[PDB]
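Each remark here refers to the structure printed beneath this line.
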Amino acid sequence: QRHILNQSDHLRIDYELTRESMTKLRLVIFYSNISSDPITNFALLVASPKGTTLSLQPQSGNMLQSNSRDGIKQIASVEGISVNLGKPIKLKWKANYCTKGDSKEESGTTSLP
């Protein structure tokens with residue numbers, strides 16, 4: 001059920017991926033703080049994948065307490081031909097946040113399963 005978008009030294013990003021229609025996937029993204037210091041000012045940015053409309057809802061909050069599992073949730077959907085076909089859809093994403101006297105960034109492009 002939970003797939004791992006990304007796992008750094010501080011933050012795990014994972015998600016539930018259901019299929020809601022023949023053209024639409026629904027992602028329920030979860031953010032986990034796996035470190036001993038709080039994370040603040042968290043935000044995910046995302047690009048529309050190549051053959052698809054991306055719909056992003058606002059996240060539950062922008063703060064994760066130390067060792068907080070799923071302290072923020074954010075719903076996205078992906079809709080279009082690629083999902084209808086079995087075409088691999090790539091999410092280009094970037095996160096920014098603050099922890100440990102530091103302003104951090106994390107980025108990638110992950111092929112959704």
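Please note: Cβ atoms are built from the backbone with ideal geometry, for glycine as well, and neighbour counts cover all protein chains shown. The numbers here are math on the coordinates, done by the rules we state, and not lab data.
Scanning the range 75-113 for residues that are free of Cβ contacts under 8 Å to residues at least 40 places away in the same chain and either surrounded by fewer than 17 Cβ atoms within 10 Å (Cβ to Cβ) or in contact with a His (Cβ under 9 Å, 6 or more places away or on another chain) (or both) turns up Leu85, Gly86, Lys87, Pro88, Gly101, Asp102, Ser103, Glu105, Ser107, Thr109, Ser111. Looking only at the range 31-67, residues that are under 24 Å from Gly101 (Cβ atoms) and either charged (D, E, K, R) or touching a helix residue (DSSP H, G or I) at 6+ places or on another chain (Cβ under 8 Å) (or both) come to 1 in all. I'd like the full set of residues that are part of a loop (DSSP other than H, G, I, E, B) and over 18 Å from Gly108 (Cβ atoms), limited to the range 1-57. The answer is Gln1, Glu20, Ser21, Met22, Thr23, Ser35, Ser36, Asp37, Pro38, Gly51, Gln57. The numbered conditions (1) assigned to a loop (DSSP other than H, G, I, E, B); (2) under 11 Å from the mean Cα position of the chain (by Cα) are all true for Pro113 except (2).
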